[PDB]
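Chains as they are written, first to last, in the deposited numbering: chain A, 5 to 429, 443 to 552; chain A', 5 to 429, 443 to 552; chain A'', 5 to 429, 443 to 552. A prime marks a further copy of an entry chain. All C-beta atoms, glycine included, are put in the ideal place defined by N, C-alpha and C. Data block below; observations after.
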Amino acid sequence: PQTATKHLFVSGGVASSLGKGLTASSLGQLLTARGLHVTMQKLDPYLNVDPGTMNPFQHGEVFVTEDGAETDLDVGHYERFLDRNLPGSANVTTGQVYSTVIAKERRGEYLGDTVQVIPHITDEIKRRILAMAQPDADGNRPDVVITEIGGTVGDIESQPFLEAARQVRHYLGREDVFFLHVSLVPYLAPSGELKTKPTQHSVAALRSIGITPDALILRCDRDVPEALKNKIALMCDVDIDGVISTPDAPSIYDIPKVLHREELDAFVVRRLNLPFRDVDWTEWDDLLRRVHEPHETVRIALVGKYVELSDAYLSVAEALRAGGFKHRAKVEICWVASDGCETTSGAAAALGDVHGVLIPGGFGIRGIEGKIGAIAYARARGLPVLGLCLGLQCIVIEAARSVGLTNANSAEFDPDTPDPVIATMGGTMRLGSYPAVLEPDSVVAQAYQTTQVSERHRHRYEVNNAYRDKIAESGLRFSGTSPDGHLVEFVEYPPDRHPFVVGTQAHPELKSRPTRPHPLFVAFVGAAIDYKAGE
Amino acid sequence: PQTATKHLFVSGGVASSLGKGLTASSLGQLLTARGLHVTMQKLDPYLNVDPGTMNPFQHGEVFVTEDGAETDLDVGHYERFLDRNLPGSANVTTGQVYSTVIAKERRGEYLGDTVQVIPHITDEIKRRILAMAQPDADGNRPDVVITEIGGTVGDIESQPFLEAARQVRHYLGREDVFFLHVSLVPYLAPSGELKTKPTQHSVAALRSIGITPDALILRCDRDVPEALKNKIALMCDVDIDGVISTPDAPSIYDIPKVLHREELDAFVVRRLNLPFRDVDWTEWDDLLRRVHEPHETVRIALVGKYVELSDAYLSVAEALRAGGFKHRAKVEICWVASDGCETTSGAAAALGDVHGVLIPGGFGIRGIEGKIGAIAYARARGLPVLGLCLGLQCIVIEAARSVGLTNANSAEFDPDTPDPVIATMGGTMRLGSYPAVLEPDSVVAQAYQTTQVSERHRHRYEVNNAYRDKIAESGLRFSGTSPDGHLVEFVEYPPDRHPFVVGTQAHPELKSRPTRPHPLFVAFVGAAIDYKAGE
Amino acid sequence: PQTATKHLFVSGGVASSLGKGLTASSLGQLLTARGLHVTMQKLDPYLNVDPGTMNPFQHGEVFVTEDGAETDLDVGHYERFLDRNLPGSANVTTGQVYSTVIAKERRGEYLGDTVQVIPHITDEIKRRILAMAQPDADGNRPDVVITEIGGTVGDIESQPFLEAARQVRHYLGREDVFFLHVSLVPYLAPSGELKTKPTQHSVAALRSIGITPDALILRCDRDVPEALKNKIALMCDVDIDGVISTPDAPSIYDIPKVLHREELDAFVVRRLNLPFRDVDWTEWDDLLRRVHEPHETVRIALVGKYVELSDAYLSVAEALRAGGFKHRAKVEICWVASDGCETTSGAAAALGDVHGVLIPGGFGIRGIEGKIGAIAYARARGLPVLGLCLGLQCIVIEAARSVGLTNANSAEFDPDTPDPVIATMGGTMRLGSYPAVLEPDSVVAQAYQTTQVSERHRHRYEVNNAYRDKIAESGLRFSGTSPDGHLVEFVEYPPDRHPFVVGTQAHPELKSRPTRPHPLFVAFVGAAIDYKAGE
Ligand SMILES: O=c1ccn([C@@H]2O[C@H](COP(=O)(O)OP(=O)(O)OP(=O)(O)O)[C@@H](O)[C@H]2O)c(=O)[nH]1
Ligand SMILES: O=c1ccn([C@@H]2O[C@H](COP(=O)(O)OP(=O)(O)OP(=O)(O)O)[C@@H](O)[C@H]2O)c(=O)[nH]1
Ligand SMILES: O=c1ccn([C@@H]2O[C@H](COP(=O)(O)OP(=O)(O)OP(=O)(O)O)[C@@H](O)[C@H]2O)c(=O)[nH]1
Ligand SMILES: O=c1ccn([C@@H]2O[C@H](COP(=O)(O)OP(=O)(O)OP(=O)(O)O)[C@@H](O)[C@H]2O)c(=O)[nH]1
Ligand SMILES: O=c1ccn([C@@H]2O[C@H](COP(=O)(O)OP(=O)(O)OP(=O)(O)O)[C@@H](O)[C@H]2O)c(=O)[nH]1
Ligand SMILES: O=c1ccn([C@@H]2O[C@H](COP(=O)(O)OP(=O)(O)OP(=O)(O)O)[C@@H](O)[C@H]2O)c(=O)[nH]1
Ligand SMILES: [Mg+2]
Ligand SMILES: [Mg+2]
Ligand SMILES: [Mg+2]
Ligand SMILES: [Mg+2]
Ligand SMILES: [Mg+2]
Ligand SMILES: [Mg+2]
């Protein structure tokens with residue numbers, strides 16, 4: 005029989021930006037490779053109910069789950085390292101917790117009580133942590149739930165989360181709950197020494213709020229010597245086997261090997277009394293060979309509205325690299341500001357030396373003339389094109405304009421357009450997984466190797482069906498639709514006209530994993546390798 | 005010219021229930037008696053947006069301000085000690101702050117930002133503290149704003165409030181901001197010693213979150229000796245003149261004298277560089293003579309739905325005592341459960357030895373047959389009656405039933421009544450101050466000594482005007498109405514039928530002060546003294 | 005009239021090794037250059053009563069003051085940056101404080117009291133801090149006492165010192181006491197960001213023990229941007245003018261310019277209400293030109309017993325560089341292990357490419373055959389030699405052996421020597450300043466430009482006077498003695514035999530300053546420049 009679901013909390017000390025999320029994901033990968041059913045959850049101390057109101061060009065992309073929740077980009081790291089679909093419950097924010105509790109209070113659901121941080125707010129957080137241990141849709145209960153606590157220990161914002169995690173430990177006991185604390189071991193260049201004092205003080209602050217760490221992640225720019233690990237084991241009263249030297253890794257994919265060398269995952273398995281099995285390194289060693297030993301390089305333009313923050317297109321960038329890994333190729337991303345591609349000379353200067361053009365999503369942006377300009381250039385140049393959501397819409401708009409509908413546009417970007425080739429169906446916001454049926458022998462069906470697929474959506478604008486016959490005059494095919502045929506889901510040009518020009522209303526990058534590249538990104542990068550070889 | 009408005013923060017350490025609110029109010033009284041314009045504010049760390057969802061029979065009454073806000077009962081203590089009307093802004097809750105910030109976030113008012121505890125929550129609290137320093141309706145800016153911080157220092161719930169108060173100090177400087185910290189000095193009976201260690205540790209916790217106390221309130225069951233005050237001055241680094249021995253007082257009205265003997269108010273005035281003037285003791289010494297030296301006693305029944313928690317009727321109980329003070333009388337409150345007054349024998353057992361019957365408000369209660377039974381008994385017995393809100397409604401229902409409308413009731417308590425003598429005008446919830454016009458020479462006009470008054474309301478049910486002629490058959494007079502005459506505001510019987518049976522739709526107790534008794538409570542207690550003398 | 009002596013406490017947070025001592029010294033230099041009388045003191049939390057029991061080859065040199073106290077090497081940094089003689093009271097250790105208090109307790113001096121950390125230990129520390137504000141021998145009372153608190157805030161070992169400093173502030177008031185806190189602002193290379201969180205948490209720990217910092221030293225590997233300084237000013241509630249970006253400097257002599265650019269010294273002067281005067285940069289700008297713009301280079305061997313820790317010979321190394329500065333020369337120190345110089349081929353390999361040989365002191369070492377070997381090589385080679393304490397003794401031993409006393413030695417290193425040319429006078446340990454009278458026209462009198470000098474000693478072995486005539490057969494002159502002529506203080510060879518071979522029983526390096534090079538080191542480096550030019 006399966007033992008109780010274990011809870012492993014990941015907290016951070018000293019300072020943020022130490023990479024707690026990627027350490028947690030890498031531990032999730034190691035435990036998954038040991039045959040454990042691992043799920044992950046992020047507690048975000050921000051008040052935004054969902055990250056949809058945040059500027060993604062400052063704060064990073066919005067990740068969308070199968071069930072349609074808009075979440076912190078960390079859920080994307082979890083899905084990529086676990087190769088698993090996570091529920092919307094995998095991202096809890098202070099905003100969610102407080103508005104749920106306040107809304108219940110206003111309805112009289114606390115029956116005359118004074119509604120308090122303890123127990124009402126901490127009960128809500130605890131409820132959301134414990135919900136992760138419920139059996140999934142297939143009927144499976146996880147072995148381990150890894151919960152990452154955002155914010156830094158000693159700060160005000162994470163106090164209700166840390167209190168809830170302390171109560172989870174109190175109610176489930178030490179056998180079912182593990183605390184992993186991430187700290188910084190700074191190097192002082194004038195004296196040449198590494199310092200353990202910040203970890204010593206951070207662990208005392210963690211202990212002061214009632215939490216005893218079982219293990220410590222020592223984030224450092226170099227190996228932490230055994231003498232320093234011994235000092236930390238003694239001063240922080242942590243088993244020496246739980247004191248983990250975690251030096252900065254060359255790639256994010258190398259972090260599981262760093263943690264495994266320090267035997268963190270074997271310590272976790274023994275401490276939580278989990279079924280023991282050796283790590284099966286087959287899948288991850290294969291990824292690492294594709295990461296560190298590519299056989300060729302290919303340049304891809306990512307034509308984003310704003311490209312100074314790569315995290316705004318993190319899942320797209322990861323899906324492009326994963327497409328490369330499948331071909332044993334290194335994808336070099338050429339970050340191109342879409343505003344520079346509006347004119348033919350601007351698009352030529354920006355895209356003249358690339359091998360493929362990716363037009364990503366642009367939820368909430370204004371001004372798409374640069375994205376349309378990039379597609380017009382790529383079509384004339386013979387460059388492969390992959391359009392995602394706004395990308396498909398731009399492929400459809402450019403096709404309509406190429407056949408005489410000069411002022412064709414989306415009613416989203418030009419409400420006064422005489423030809424709204426993209427329009428609402443107010444309409445309906447489509448979030449999360451939606452099924453699509455593909456034309457057999459189409460470019461998209463050949464890429465997927467099936468005619469029945471599902472992809473995640475985040476949009477309310479659709480191809481206007483009144484324009485299908487007029488748009489098709491360009492040779493553009495509506496090669497994928499909703500099962501009833503009403504909604505256009507995929508577009509493509511015939512391969513005799515353009516070897517690879519594909520659009521999707523969805524975000525296939527979200528279902529990409531470094532160990533499981535998405536079929537559309539594999540076909541796109543493959544077409545980019547073909548273009549390079551032809552040139 | 006008037007100097008900058010000063011902010012005086014009152015925090016609590018060691019444990020709650022030490023009486024921070026009454027200490028703050030008493031300091032507000034002392035500063036007011038020095039001719040300073042003082043306003044007060046309570047920061048409540050509970051999530052209830054307003055205390056309307058709290059059971060008042062567990063948590064205490066809801067106070068209503070002139071502008072119609074439903075607030076914590078502490079605002080009532082502030083109004084009573086300051087003799088001033090406070091704005092709805094005088095009560096800030098965590099619930100208010102978080103729902104305001106989350107609602108702004110959902111509307112996109114933070115323009116793409118990550119919404120955080122610091123600065124977004126603390127900016128909202130700071131905004132609400134600084135709003136208290138704005139000029140009032142008459143154009144006057146306060147000299148001092150006393151802000152009471154609910155919760156205890158070292159607890160999670162008060163951390164955003166304490167951080168906001170620390171930022172107020174940072175931005176206004178030490179000259180305009182004063183920190184008063186309330187602590188416990190426990191007595192250990194086996195060793196016979198008072199202990200300063202809890203104050204020492206509480207002040208270190210206060211300092212740890214960035215606040216330096218200017219003065220300390222040492223709450224104790226006896227005088228704190230000079231040697232202990234010297235130890236605290238040294239260990240807490242507080243001026244000895246700011247170390248205040250605050251032993252438990254015999255009455256709440258004695259606390260200003262306790263603080264004045266220790267010269268706390270003179271220390272505050274000097275430390276904040278406020279205009280100096282001696283306390284004018286005329287008004288408070290007069291109150292203390294009425295408190296400690298009554299010339300007679302009078303027994304009043306307070307016929308409440310639930311009477312085990314006196315704080316559920318705090319403003320009523322204070323208004324009854326203030327009515328007594330005006331007559332140099334001691335009002336002994338006989339707390340009577342209304343459910344025991346439904347039958348004539350039950351009402352006789354409960355009210356047979358009282359001199360007056362007060363029927364208070366009952367916002368949100370169910371089952372008023374006991375309150376109607378108490379009025380029927382009091383009318384037959386010749387007992388004075390004062391009804392407040394639900395009290396007037398019960399006087400009107402009992403009058404209607406005494407003239408043949410056997411099933412007369414409020415549609416609130418019996419929706420199926422064939423005679424809804426009390427009904428909505443859904444209707445309109447009337448909150449805060451409303452003007453009333455009184456019949457000249459009526460009992461109510463003679464009590465007020467004017468025909469034009471205003472009182473605070475908290476109700477949506479009104480006297481049904483279709484029943485005025487039928488109800489008047491009992492001899493009941495509609496002696497007070499809204500200015501247009503549409504809404505019944507006051508009822509009374511003629512003095513030749515009952516010497517004092519008065520109802521009001523409002524809560525006059527809220528406008529009562531111990532130094533300014535409300536005219537209706539003065540007339541009611543006076544009628545109770547008359548009944549006692551006649552018996 | 006002179007205002008009250010000010011106390012400026014320097015504490016450290018986050019981690020040790022940030023350079024608190026050199027920051028404090030540099031501030032002492034800036035205040036001295038403003039015409040203020042500044043004195044400095046180090047509080048060391050170690051239990052060693054004096055650093056004499058510490059291995060200097062692990063922990064650094066022992067500094068000796070004029071009054072003969074053996075102190076932490078930090079006193080040497082203070083003397084060098086202030087150009088002032090400090091009393092033995094300038095170094096307080098936990099060992100000193102506890103043994104003084106325990107010794108008084110054992111004698112019954114606390115008259116029946118329970119002897120406690122507070123107040124008995126903290127009174128002793130406070131006494132030692134306040135003693136620094138007493139008028140000196142010349143009758144002058146300092147303007148400022150800078151007290152450096154060793155250990156890190158949040159650690160156990162510095163708690164009594166920090167408590168004493170908090171009591172100094174309590175008793176003298178905020179006008180006479182200033183707190184400077186040194187913190188670390190680490191850089192995280194993967195994200196490219198500087199982090200203020202460790203300073204935020206360190207200042208909260210400092211505040212928690214009752215201390216409010218007036219200013220912060222932000223130790224960093226680069227400039228701290230204004231946005232981070234603004235964040236720290238707000239979160240730590242420190243005046244923005246007191247938030248000091250202190251990036252790692254190229255030389256220790258550049259730190260005053262770093263602090264002056266951030267206007268720390270002008271902030272200190274204004275905050276403590278000290279007489280204001282601009283920094284006179286004449287002397288320090290002159291030093292910086294000699295530091296950064298040398299006209300030539302000269303190589304000097306420092307023939308130490310153990311040379312892997314340069315701090316074991318810090319004052320010697322600084323005196324050598326200061327000798328270089330006087331000649332506008334860069335002294336390159338060739339760290340030579342003395343054990344490798346015992347044989348003529350070993351000494352040739354080690355000293356063949358140098359321009360001068362310095363034989364430093366060796367209090368407590370064993371095995372001096374390598375130092376004697378280095379002197380024998382340097383004499384034959386024509387290399388300049390400067391011997392300090394053990395160095396003079398080695399010059400005397402080598403001279404005695406060169407004239408037939410083959411087994412000549414010190415009774416310290418060979419008790420069985422038939423010729424103890426160096427011996428005790443048990444004897445008398447000579448510590449601190451001793452006067453010497455110099456032979457007019459001798460090498461040493463020409464270097465000093467006077468025949469009457471004083472130097473600091475740390476030794477009990479002396480030249481055995483029974484051997485003066487025999488040693489003089491080598492041509493060695495006893496060119497300096499005690500005033501009564503009994504003790505040999507200086508030795509030298511005639512310039513016609515060796516241009517510069519000088520020994521001193523004292524430690525002249527201790528009286529060296531970078532702005533005031535010692536005459537013997539100036540003459541030694543000058544002789545090394547002469548040797549280089551001749552080669
Ligand atoms: O264990 C780790 C984690 C992270 N990293 C390195 O740090 C980089 C940043 O890692 P993250 O993307 O996880 O940083 P973050 O700002 O989200 O950190 P938190 O506040 O969540 O703690 C990564 O891209 C990688 O280069 C490591 O080398 N090792
Ligand atoms: O909680 C503690 C830990 C240590 N100490 C004291 O710290 C002193 C050593 O001071 P360090 O700064 O060298 O600390 P560390 O070695 O523990 O840490 P890192 O260098 O790795 O940053 C020792 O003299 C010990 O008494 C405390 O006083 N309290
Ligand atoms: O300074 C004071 C305050 C209070 N008291 C006595 O304490 C009683 C309770 O005083 P409170 O009604 O103010 O208690 P509380 O529970 O609201 O306390 P906080 O959490 O707000 O701190 C009062 O009725 C009076 O008897 C004093 O004697 N002196
Ligand atoms: O660490 C904590 C514990 C509790 N609380 C908050 O304390 C509030 C209750 O405040 P109390 O003063 O009543 O505390 P208590 O019941 O825990 O202790 P005693 O009366 O027995 O002295 C609750 O509203 C809860 O949110 C914190 O904010 N932080
Ligand atoms: O303000 C400063 C102080 C120091 N330093 C640089 O740091 C080096 C080490 O400076 P220290 O010799 O003062 O380090 P430390 O180990 O004694 O530190 P504490 O525990 O006393 O705090 C110095 O030689 C210089 O290179 C700076 O650049 N700036
Ligand atoms: O005491 C505090 C300070 C700040 N915060 C919270 O810290 C969050 C920002 O988290 P950071 O890690 O970015 O902190 P910082 O900007 O203050 O410091 P550095 O990056 O310079 O190291 C904000 O969301 C704020 O609510 C606390 O909760 N408590
Ligand atoms: Mg992260
Ligand atoms: Mg150390
Ligand atoms: Mg209270
Ligand atoms: Mg005691
Ligand atoms: Mg130092
Ligand atoms: Mg930050």
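In chain A', which residues lie less than 8 Å from residue 170(A'') when you measure between Cβ atoms? 241
Against chain A'', with Cβ distances strictly below 8 Å, would residue 72(A') count as a contact? no
With burial defined as no fewer than 16 other Cβ atoms inside 10 Å of the residue's Cβ, what is the status of residue 544(A): buried or exposed? buried
Closer than 9 Å, Cβ to any Cβ of chain A': which residues of the segment 58-92 of chain A, in chain order? 58, 59, 60, 61, 62 and 63
Could you tell me whether the Cβ of residue 322(A) comes closer than 8 Å to any Cβ of chain A''? no
Is it the case that the segment 401-411 of chain A' contacts the segment 489-497 of chain A', given that we only count it when at least three CB pairs across the two stretches are under 8 Å? yes
8 Å Cβ cutoff, residue 214(A'') in contact with chain A': yes
Could you check whether residue 388(A) and residue 308(A) sit closer than 8 Å to each other, using their CB atoms as the reference points? no
Within 10 Å of its beta-carbon, does residue 231(A) have 16 or more other beta-carbons around it, so buried, or fewer, so exposed? exposed
Based on Cα-Cα distance, which residue from 354(A''), 197(A'') and 253(A'') lies nearest to residue 229(A'')? 197(A'')
Of all Cβ atoms in chain A, is any one closer than 8 Å to the Cβ of residue 260(A'')? no
Proximal residues of chain A, C-beta to C-beta of residue 103(A') below 7 Å: 106
Considering only C-alpha positions, which residue in the set 520(A), 97(A) and 16(A) is nearest to residue 379(A)? 520(A)
Can you find a C-beta in chain A'' that's less than 8 Å from the C-beta of residue 205(A)? yes
Using the rule of at least 16 other Cβ atoms within 10 Å of the residue's Cβ for burial, across every protein chain shown, is residue 483(A) buried or exposed? exposed
Taking any Cβ of chain A'', which residues in the segment 10-27 of chain A have a Cβ under 8 Å from it, in chain order? 18, 19, 20, 21, 22 and 23
For chain A'', check one thing: does any of its Cβ atoms lie closer than 8 Å to the Cβ of residue 238(A')? yes
Report whether the distance from the Cβ of residue 159(A) to the nearest heavy atom of ligand 6 is below 7 Å. yes
What residues from chain A'' crowd round residue 274(A'), counting only those whose CB sits closer than 8 Å? By Cβ distance, chain A'' contributes nothing, its closest Cβ being about 16 Å from residue 274(A'), past 8 Å.
Might you give, ordered along the chain, the residues of its own chain that have their beta carbon closer than 7 Å to the beta carbon of residue 20(A''), omitting 5 neighbours on each side? 156
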